[PDB]
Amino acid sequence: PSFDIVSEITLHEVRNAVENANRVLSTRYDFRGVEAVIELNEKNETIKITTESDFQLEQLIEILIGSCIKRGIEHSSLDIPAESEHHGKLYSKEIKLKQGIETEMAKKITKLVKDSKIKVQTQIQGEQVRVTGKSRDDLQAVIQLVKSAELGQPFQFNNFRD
């Protein structure tokens, strides 16, 4: 048998979170008279945040995170750069939506499996990790293992095949 490890982001839920975050943002006493933009590029899978200083960026980030929590979206699905791009008077950050599993994260998954000694095979393909084993009880252990760890982005488990 097998199962797929996946990392999917429901954009629908994300657009919802960004709307909430713009409503909070428009009532912020400390942002009155201050440029501050929180936009979603649904085609690019990016959330662009722009304001007048790195501090204020941090402040926008807390809003964002504060909106995922309200929408029960896991914040770690956001890939937020450490540095800001400074343009004239403005500073911004392109925040990436973690849609799927890139090789780097897949290798952290595959590595964890090797280390757990569970007798299952891993195939890094597409944007997922397929876990194949003789034993369903082992496959379940794998699920608990990956759930327990903090590799860095949320995972889902589907396509259980016999």
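For every residue, the number given is its place in the sequence shown, counted from 1.
J.: Tell me which stretch has the larger mean Cα B-factor in this entry, 66-74 or 33-41.
T.: According to the PDB entry, the answer is 66-74.
J.: Look over 104-112 and 42-50 in the entry and identify the one with the greater average Cα temperature factor.
T.: Taking the mean B-factor of the alpha carbons in each, 42-50 is higher.
J.: Would you mind ranking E19 by its C-alpha B-factor against the rest of the chain and naming the third, lowest, middle or highest?
T.: It falls in the middle third of the chain.
J.: Which third of the chain holds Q140 when residues are ordered by C-alpha B factor: lowest, middle or highest?
T.: According to the entry, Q140 has a C-alpha B-factor in the chain's highest third.
J.: Going by the recorded CA B-factors, say which third of the chain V131 sits in, lowest, middle or highest.
T.: CA B-factor rank for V131: middle third.
J.: Which third of the chain does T10 land in by C-alpha B-factor: lowest, middle or highest?
T.: For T10, the deposited C-alpha B-factor lands in the highest third.
J.: If you rank the chain by CA B-factor, which third does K98 end up in: lowest, middle or highest?
T.: Ranked within chain, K98 CA B lands in the middle tercile.
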